[PDB]
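Structure file data.pdb; described as PDB, C-alpha atoms.
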```pdb
MODEL        1
ATOM      1  CA  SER A   1       4.778 -11.869   9.218  1.00  0.00           C
ATOM      2  CA  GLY A   2       2.984  -9.890   6.490  1.00  0.00           C
ATOM      3  CA  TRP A   3       2.330  -6.770   8.609  1.00  0.00           C
ATOM      4  CA  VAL A   4       3.474  -3.566   6.969  1.00  0.00           C
ATOM      5  CA  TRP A   5       4.900  -1.186   9.593  1.00  0.00           C
ATOM      6  CA  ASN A   6       7.548   0.656   7.613  1.00  0.00           C
ATOM      7  CA  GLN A   7       5.325   3.679   6.875  1.00  0.00           C
ATOM      8  CA  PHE A   8       4.422   7.072   8.293  1.00  0.00           C
ATOM      9  CA  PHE A   9       1.281   9.104   7.875  1.00  0.00           C
ATOM     10  CA  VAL A  10       0.923  12.823   7.298  1.00  0.00           C
ATOM     11  CA  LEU A  11      -2.190  14.939   7.360  1.00  0.00           C
ATOM     12  CA  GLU A  12      -1.824  17.434   4.500  1.00  0.00           C
ATOM     13  CA  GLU A  13      -4.056  19.967   6.303  1.00  0.00           C
ATOM     14  CA  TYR A  14      -1.320  20.402   8.873  1.00  0.00           C
ATOM     15  CA  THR A  15       1.638  20.720   6.500  1.00  0.00           C
ATOM     16  CA  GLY A  16       3.144  23.896   5.249  1.00  0.00           C
ATOM     17  CA  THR A  17       6.144  25.985   6.139  1.00  0.00           C
ATOM     18  CA  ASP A  18       6.380  25.122   9.927  1.00  0.00           C
ATOM     19  CA  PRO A  19       8.036  21.681  10.512  1.00  0.00           C
ATOM     20  CA  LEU A  20       5.348  19.035  11.083  1.00  0.00           C
ATOM     21  CA  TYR A  21       6.579  16.021  13.078  1.00  0.00           C
ATOM     22  CA  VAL A  22       6.150  12.862  10.934  1.00  0.00           C
ATOM     23  CA  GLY A  23       7.853  10.129  12.987  1.00  0.00           C
ATOM     24  CA  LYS A  24      11.304   8.959  13.788  1.00  0.00           C
ATOM     25  CA  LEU A  25      13.852   6.466  12.580  1.00  0.00           C
ATOM     26  CA  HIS A  26      15.132   4.094  15.226  1.00  0.00           C
ATOM     27  CA  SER A  27      17.403   1.069  15.183  1.00  0.00           C
ATOM     28  CA  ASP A  28      17.313  -1.369  18.111  1.00  0.00           C
ATOM     29  CA  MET A  29      21.122  -0.986  18.094  1.00  0.00           C
ATOM     30  CA  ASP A  30      20.936   2.642  19.168  1.00  0.00           C
ATOM     31  CA  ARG A  31      22.267   2.553  22.703  1.00  0.00           C
ATOM     32  CA  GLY A  32      21.100   6.197  23.240  1.00  0.00           C
ATOM     33  CA  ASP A  33      24.577   7.791  23.164  1.00  0.00           C
ATOM     34  CA  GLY A  34      24.374   9.452  19.708  1.00  0.00           C
ATOM     35  CA  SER A  35      26.916   7.069  18.202  1.00  0.00           C
ATOM     36  CA  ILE A  36      24.353   6.291  15.506  1.00  0.00           C
ATOM     37  CA  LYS A  37      23.883   8.704  12.686  1.00  0.00           C
ATOM     38  CA  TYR A  38      20.475   8.601  11.001  1.00  0.00           C
ATOM     39  CA  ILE A  39      20.380   9.359   7.336  1.00  0.00           C
ATOM     40  CA  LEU A  40      17.474   9.991   5.037  1.00  0.00           C
ATOM     41  CA  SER A  41      17.621   9.209   1.338  1.00  0.00           C
ATOM     42  CA  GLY A  42      15.219   8.842  -1.637  1.00  0.00           C
ATOM     43  CA  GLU A  43      12.121  10.906  -2.577  1.00  0.00           C
ATOM     44  CA  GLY A  44      12.320  14.512  -1.230  1.00  0.00           C
ATOM     45  CA  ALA A  45      14.912  13.677   1.434  1.00  0.00           C
ATOM     46  CA  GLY A  46      16.337  16.928   2.923  1.00  0.00           C
ATOM     47  CA  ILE A  47      13.886  19.033   0.828  1.00  0.00           C
ATOM     48  CA  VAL A  48      10.349  17.814   1.634  1.00  0.00           C
ATOM     49  CA  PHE A  49      11.446  15.895   4.772  1.00  0.00           C
ATOM     50  CA  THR A  50      14.187  16.679   7.218  1.00  0.00           C
ATOM     51  CA  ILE A  51      15.809  14.346   9.752  1.00  0.00           C
ATOM     52  CA  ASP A  52      17.701  15.004  12.877  1.00  0.00           C
ATOM     53  CA  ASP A  53      20.658  12.627  12.503  1.00  0.00           C
ATOM     54  CA  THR A  54      20.867  12.040  16.208  1.00  0.00           C
ATOM     55  CA  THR A  55      17.291  11.559  17.320  1.00  0.00           C
ATOM     56  CA  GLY A  56      16.087  10.118  14.047  1.00  0.00           C
ATOM     57  CA  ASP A  57      13.076  12.562  14.104  1.00  0.00           C
ATOM     58  CA  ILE A  58      11.480  13.325  10.761  1.00  0.00           C
ATOM     59  CA  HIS A  59       9.666  16.560   9.877  1.00  0.00           C
ATOM     60  CA  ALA A  60       7.761  17.656   6.770  1.00  0.00           C
ATOM     61  CA  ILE A  61       8.756  21.189   5.804  1.00  0.00           C
ATOM     62  CA  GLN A  62       6.676  21.713   2.617  1.00  0.00           C
ATOM     63  CA  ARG A  63       2.955  22.006   2.033  1.00  0.00           C
ATOM     64  CA  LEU A  64       1.916  18.604   0.890  1.00  0.00           C
ATOM     65  CA  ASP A  65      -1.118  17.465  -1.125  1.00  0.00           C
ATOM     66  CA  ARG A  66      -2.411  13.946  -1.605  1.00  0.00           C
ATOM     67  CA  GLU A  67      -3.861  14.729  -5.072  1.00  0.00           C
ATOM     68  CA  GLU A  68      -0.526  15.997  -6.346  1.00  0.00           C
ATOM     69  CA  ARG A  69       1.575  13.278  -4.608  1.00  0.00           C
ATOM     70  CA  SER A  70      -0.004  10.672  -2.358  1.00  0.00           C
ATOM     71  CA  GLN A  71       3.219   9.244  -0.932  1.00  0.00           C
ATOM     72  CA  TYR A  72       7.038   9.330  -0.796  1.00  0.00           C
ATOM     73  CA  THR A  73       9.362   6.380  -0.809  1.00  0.00           C
ATOM     74  CA  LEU A  74      12.408   7.091   1.347  1.00  0.00           C
ATOM     75  CA  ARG A  75      15.371   5.128   2.598  1.00  0.00           C
ATOM     76  CA  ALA A  76      16.677   4.869   6.079  1.00  0.00           C
ATOM     77  CA  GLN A  77      20.296   4.349   6.946  1.00  0.00           C
ATOM     78  CA  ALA A  78      21.892   3.986  10.344  1.00  0.00           C
ATOM     79  CA  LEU A  79      25.655   4.624  10.358  1.00  0.00           C
ATOM     80  CA  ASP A  80      28.356   4.514  12.976  1.00  0.00           C
ATOM     81  CA  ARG A  81      29.234   8.254  13.581  1.00  0.00           C
ATOM     82  CA  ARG A  82      32.980   7.607  13.602  1.00  0.00           C
ATOM     83  CA  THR A  83      33.410   5.241  10.670  1.00  0.00           C
ATOM     84  CA  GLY A  84      30.394   5.986   8.521  1.00  0.00           C
ATOM     85  CA  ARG A  85      30.035   2.228   8.076  1.00  0.00           C
ATOM     86  CA  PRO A  86      26.420   0.955   8.051  1.00  0.00           C
ATOM     87  CA  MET A  87      25.089  -0.678  11.236  1.00  0.00           C
ATOM     88  CA  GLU A  88      21.720  -1.620   9.756  1.00  0.00           C
ATOM     89  CA  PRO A  89      20.817  -2.590   6.248  1.00  0.00           C
ATOM     90  CA  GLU A  90      19.400   0.397   4.478  1.00  0.00           C
ATOM     91  CA  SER A  91      15.663   0.118   4.493  1.00  0.00           C
ATOM     92  CA  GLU A  92      12.941   1.664   2.414  1.00  0.00           C
ATOM     93  CA  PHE A  93       9.964   3.229   4.134  1.00  0.00           C
ATOM     94  CA  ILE A  94       7.044   5.258   2.999  1.00  0.00           C
ATOM     95  CA  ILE A  95       5.417   8.489   4.038  1.00  0.00           C
ATOM     96  CA  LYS A  96       1.718   8.579   3.078  1.00  0.00           C
ATOM     97  CA  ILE A  97      -0.190  11.836   2.771  1.00  0.00           C
ATOM     98  CA  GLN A  98      -3.800  11.773   4.055  1.00  0.00           C
ATOM     99  CA  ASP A  99      -6.309  14.359   2.811  1.00  0.00           C
TER     100      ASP A  99
ATOM    101  CA  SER B   1      17.229  -5.861  10.777  1.00  0.00           C
ATOM    102  CA  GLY B   2      16.992  -3.723  13.959  1.00  0.00           C
ATOM    103  CA  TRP B   3      14.792  -1.045  12.466  1.00  0.00           C
ATOM    104  CA  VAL B   4      11.885  -0.398  14.756  1.00  0.00           C
ATOM    105  CA  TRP B   5       8.792   0.412  12.652  1.00  0.00           C
ATOM    106  CA  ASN B   6       5.828  -0.788  14.689  1.00  0.00           C
ATOM    107  CA  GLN B   7       5.006   2.663  16.025  1.00  0.00           C
ATOM    108  CA  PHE B   8       2.702   5.551  15.135  1.00  0.00           C
ATOM    109  CA  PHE B   9       3.133   9.074  16.336  1.00  0.00           C
ATOM    110  CA  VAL B  10       0.283  11.353  17.362  1.00  0.00           C
ATOM    111  CA  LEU B  11       0.852  15.087  17.768  1.00  0.00           C
ATOM    112  CA  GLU B  12      -0.896  16.140  20.987  1.00  0.00           C
ATOM    113  CA  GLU B  13      -1.697  19.539  19.530  1.00  0.00           C
ATOM    114  CA  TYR B  14      -4.098  18.058  16.910  1.00  0.00           C
ATOM    115  CA  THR B  15      -6.035  15.660  19.178  1.00  0.00           C
ATOM    116  CA  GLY B  16      -9.672  16.371  20.107  1.00  0.00           C
ATOM    117  CA  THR B  17     -13.152  14.904  19.732  1.00  0.00           C
ATOM    118  CA  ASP B  18     -12.800  15.112  15.932  1.00  0.00           C
ATOM    119  CA  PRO B  19     -11.077  11.891  14.748  1.00  0.00           C
ATOM    120  CA  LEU B  20      -7.393  12.449  14.155  1.00  0.00           C
ATOM    121  CA  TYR B  21      -5.922  10.038  11.606  1.00  0.00           C
ATOM    122  CA  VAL B  22      -3.097   8.166  13.434  1.00  0.00           C
ATOM    123  CA  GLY B  23      -2.040   5.509  10.947  1.00  0.00           C
ATOM    124  CA  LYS B  24      -3.106   2.210   9.504  1.00  0.00           C
ATOM    125  CA  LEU B  25      -3.014  -1.480  10.076  1.00  0.00           C
ATOM    126  CA  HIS B  26      -2.134  -3.327   6.897  1.00  0.00           C
ATOM    127  CA  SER B  27      -1.255  -6.883   5.977  1.00  0.00           C
ATOM    128  CA  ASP B  28       0.557  -7.548   2.677  1.00  0.00           C
ATOM    129  CA  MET B  29      -1.971 -10.416   2.287  1.00  0.00           C
ATOM    130  CA  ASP B  30      -4.709  -7.814   1.839  1.00  0.00           C
ATOM    131  CA  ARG B  31      -6.045  -8.036  -1.757  1.00  0.00           C
ATOM    132  CA  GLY B  32      -7.934  -4.736  -1.416  1.00  0.00           C
ATOM    133  CA  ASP B  33     -11.439  -6.370  -1.461  1.00  0.00           C
ATOM    134  CA  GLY B  34     -12.343  -6.234   2.206  1.00  0.00           C
ATOM    135  CA  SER B  35     -11.708  -9.954   2.709  1.00  0.00           C
ATOM    136  CA  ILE B  36      -9.417  -8.947   5.626  1.00  0.00           C
ATOM    137  CA  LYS B  37     -10.814  -7.770   8.923  1.00  0.00           C
ATOM    138  CA  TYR B  38      -8.506  -5.595  10.964  1.00  0.00           C
ATOM    139  CA  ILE B  39      -8.929  -5.716  14.682  1.00  0.00           C
ATOM    140  CA  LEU B  40      -7.387  -3.423  17.270  1.00  0.00           C
ATOM    141  CA  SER B  41      -7.029  -4.150  21.004  1.00  0.00           C
ATOM    142  CA  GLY B  42      -5.193  -3.005  24.128  1.00  0.00           C
ATOM    143  CA  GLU B  43      -4.361   0.314  25.716  1.00  0.00           C
ATOM    144  CA  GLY B  44      -6.939   2.980  24.874  1.00  0.00           C
ATOM    145  CA  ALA B  45      -8.646   0.774  22.251  1.00  0.00           C
ATOM    146  CA  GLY B  46     -12.256   1.723  21.740  1.00  0.00           C
ATOM    147  CA  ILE B  47     -12.075   4.738  24.057  1.00  0.00           C
ATOM    148  CA  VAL B  48      -9.088   6.707  22.705  1.00  0.00           C
ATOM    149  CA  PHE B  49      -8.322   4.878  19.422  1.00  0.00           C
ATOM    150  CA  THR B  50     -10.692   3.306  16.963  1.00  0.00           C
ATOM    151  CA  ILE B  51     -10.154   1.303  13.810  1.00  0.00           C
ATOM    152  CA  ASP B  52     -12.001   0.852  10.542  1.00  0.00           C
ATOM    153  CA  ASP B  53     -11.994  -2.938  10.119  1.00  0.00           C
ATOM    154  CA  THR B  54     -11.974  -2.764   6.348  1.00  0.00           C
ATOM    155  CA  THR B  55      -9.416  -0.047   5.667  1.00  0.00           C
ATOM    156  CA  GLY B  56      -7.316  -0.658   8.839  1.00  0.00           C
ATOM    157  CA  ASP B  57      -7.327   3.171   9.471  1.00  0.00           C
ATOM    158  CA  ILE B  58      -6.772   4.239  13.105  1.00  0.00           C
ATOM    159  CA  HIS B  59      -8.095   7.444  14.598  1.00  0.00           C
ATOM    160  CA  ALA B  60      -7.606   9.016  17.957  1.00  0.00           C
ATOM    161  CA  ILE B  61     -10.890  10.358  19.160  1.00  0.00           C
ATOM    162  CA  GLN B  62     -10.023  12.064  22.506  1.00  0.00           C
ATOM    163  CA  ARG B  63      -7.896  15.106  23.307  1.00  0.00           C
ATOM    164  CA  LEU B  64      -4.586  13.719  24.584  1.00  0.00           C
ATOM    165  CA  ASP B  65      -1.746  15.061  26.732  1.00  0.00           C
ATOM    166  CA  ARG B  66       1.776  13.624  26.600  1.00  0.00           C
ATOM    167  CA  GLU B  67       2.461  14.413  30.279  1.00  0.00           C
ATOM    168  CA  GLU B  68      -0.603  12.311  31.260  1.00  0.00           C
ATOM    169  CA  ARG B  69       0.558   9.420  29.009  1.00  0.00           C
ATOM    170  CA  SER B  70       3.283   9.438  26.425  1.00  0.00           C
ATOM    171  CA  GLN B  71       2.444   6.095  24.854  1.00  0.00           C
ATOM    172  CA  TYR B  72      -0.060   3.315  24.232  1.00  0.00           C
ATOM    173  CA  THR B  73       0.674  -0.351  23.645  1.00  0.00           C
ATOM    174  CA  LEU B  74      -1.832  -1.876  21.265  1.00  0.00           C
ATOM    175  CA  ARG B  75      -2.345  -5.121  19.501  1.00  0.00           C
ATOM    176  CA  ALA B  76      -3.066  -5.734  15.803  1.00  0.00           C
ATOM    177  CA  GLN B  77      -5.056  -8.613  14.271  1.00  0.00           C
ATOM    178  CA  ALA B  78      -5.783  -9.459  10.673  1.00  0.00           C
ATOM    179  CA  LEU B  79      -8.621 -12.018  10.292  1.00  0.00           C
ATOM    180  CA  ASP B  80      -9.969 -13.656   7.169  1.00  0.00           C
ATOM    181  CA  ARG B  81     -13.367 -11.866   6.908  1.00  0.00           C
ATOM    182  CA  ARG B  82     -15.248 -15.050   5.835  1.00  0.00           C
ATOM    183  CA  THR B  83     -13.897 -17.585   8.354  1.00  0.00           C
ATOM    184  CA  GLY B  84     -12.595 -15.335  11.197  1.00  0.00           C
ATOM    185  CA  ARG B  85      -9.295 -17.242  11.094  1.00  0.00           C
ATOM    186  CA  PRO B  86      -6.072 -15.275  11.619  1.00  0.00           C
ATOM    187  CA  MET B  87      -4.019 -14.460   8.521  1.00  0.00           C
ATOM    188  CA  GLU B  88      -1.195 -12.861  10.520  1.00  0.00           C
ATOM    189  CA  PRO B  89       0.180 -13.415  14.048  1.00  0.00           C
ATOM    190  CA  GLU B  90      -1.257 -10.935  16.487  1.00  0.00           C
ATOM    191  CA  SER B  91       1.357  -8.248  16.746  1.00  0.00           C
ATOM    192  CA  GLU B  92       2.095  -5.492  19.164  1.00  0.00           C
ATOM    193  CA  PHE B  93       2.530  -1.917  18.062  1.00  0.00           C
ATOM    194  CA  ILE B  94       2.923   1.400  19.834  1.00  0.00           C
ATOM    195  CA  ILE B  95       1.253   4.797  19.519  1.00  0.00           C
ATOM    196  CA  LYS B  96       3.460   7.565  20.897  1.00  0.00           C
ATOM    197  CA  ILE B  97       2.035  10.963  21.807  1.00  0.00           C
ATOM    198  CA  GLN B  98       4.472  13.685  20.940  1.00  0.00           C
ATOM    199  CA  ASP B  99       5.255  17.188  22.186  1.00  0.00           C
TER     200      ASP B  99
ENDMDL
END
```

Could you take the file, read its structure, and then write that structure out as structure tokens?
Amino acid sequence: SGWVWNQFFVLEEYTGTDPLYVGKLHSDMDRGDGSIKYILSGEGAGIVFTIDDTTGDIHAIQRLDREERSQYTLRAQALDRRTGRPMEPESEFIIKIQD
Amino acid sequence: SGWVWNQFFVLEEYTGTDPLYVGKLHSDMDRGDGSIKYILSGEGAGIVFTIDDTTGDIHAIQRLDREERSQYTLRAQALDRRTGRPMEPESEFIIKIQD
């Protein structure tokens, strides 16, 4: 189908210093036992957006502004903890900033 | 792939009678001219969540509590604005309340 789901939305009003929950990465192969390691890559990964590599939760940790930068293209990876070998194909997703 | 993307995340803290931007329905068939009509149905549609049928923008319009309900199962439609014929299969998506 042509539906676009691989995006998250962030209200800039609510961003700033304190981590603002954005969304979470999740593979249907995650059995729930933490054997998947979620990795963020691409625009502002680790700097503008953090990820918990176990839960896949994503937080914005900078003050954001739509006029400055209206969106970020990131990449999601899902690796086997032990091996570091990919369990999903790496997938781009976007975080859009709403004003 | 197994990446689960058909979900939006609503922080409980920011909900209220003021519309809280939740996310957006979007078809890649959308030319940008309003010839697509986005329709939203299912759990909390119309009472908790509304949609702009042109932009596809979803807002939560009630104050929500995770412990009362952690998630809503909704349905997305994309109709050709002139004929009312579907341009996409009707697709399920989820809105998760967090905190």

Near chain A, which residues of chain B fall within 8 Å when you count only C-alpha atoms, and what do they look like as a PyMOL selection string? chain B and resi 1-9+11+21-23+25-29+88-89

Between atom CA of residue A:94 and atom CA of residue B:38, what is the distance in Å, rounded to a tenth?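 Atom CA of residue B:38 lies at a distance of 20.6 Å from atom CA of residue A:94.
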
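With only C-alpha atoms as the atoms that count, the residue of A:33, A:43, A:80, A:19 with the shortest distance to residue A:57 is A:19.
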
Find the smallest box with edges along x, y and z containing every listed atom of stretch 17-24 of chain B, then add 3 Å on each side and report centre and edge lengths in Å to one decimal, as AutoDock Vina command-line options.
```
--center_x -7.6 --center_y 8.7 --center_z 14.6 --size_x 17.1 --size_y 18.9 --size_z 16.2
```

Running the PyMOL selection byres ((chain B and resi 68-70) around 7) on this model by hand, what would come out? Give it as a PyMOL selection string. chain B and resi 65-67+71+96-97

List the residues selected by the PyMOL selection byres ((chain B and resi 63) around 7) in the file shown, writing them as number ranges by chain. B: 15-17, 61-62, 64

Suppose you want the space between atom CA of residue B:18 and atom CA of residue B:92; what is it in Å?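 Distance reported for this atom pair: 25.6 Å.
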
Counting all atoms listed in the file, write as an mmCIF file with C-alpha atoms, keeping the file's coordinate frame all protein and nucleic acid residues lying at most 12 Å from (-9.7, -1.4, 22.8) in the file's frame.
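Below is the file selection.cif, written as the result:
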```
data_model
loop_
_atom_site.group_PDB
_atom_site.id
_atom_site.type_symbol
_atom_site.label_atom_id
_atom_site.label_comp_id
_atom_site.auth_asym_id
_atom_site.auth_seq_id
_atom_site.Cartn_x
_atom_site.Cartn_y
_atom_site.Cartn_z
ATOM 1 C CA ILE B 39 -8.929 -5.716 14.682
ATOM 2 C CA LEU B 40 -7.387 -3.423 17.270
ATOM 3 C CA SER B 41 -7.029 -4.150 21.004
ATOM 4 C CA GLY B 42 -5.193 -3.005 24.128
ATOM 5 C CA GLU B 43 -4.361 0.314 25.716
ATOM 6 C CA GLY B 44 -6.939 2.980 24.874
ATOM 7 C CA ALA B 45 -8.646 0.774 22.251
ATOM 8 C CA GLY B 46 -12.256 1.723 21.740
ATOM 9 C CA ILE B 47 -12.075 4.738 24.057
ATOM 10 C CA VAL B 48 -9.088 6.707 22.705
ATOM 11 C CA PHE B 49 -8.322 4.878 19.422
ATOM 12 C CA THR B 50 -10.692 3.306 16.963
ATOM 13 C CA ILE B 51 -10.154 1.303 13.810
ATOM 14 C CA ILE B 58 -6.772 4.239 13.105
ATOM 15 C CA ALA B 60 -7.606 9.016 17.957
ATOM 16 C CA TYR B 72 -0.060 3.315 24.232
ATOM 17 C CA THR B 73 0.674 -0.351 23.645
ATOM 18 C CA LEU B 74 -1.832 -1.876 21.265
ATOM 19 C CA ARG B 75 -2.345 -5.121 19.501
ATOM 20 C CA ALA B 76 -3.066 -5.734 15.803
#
```
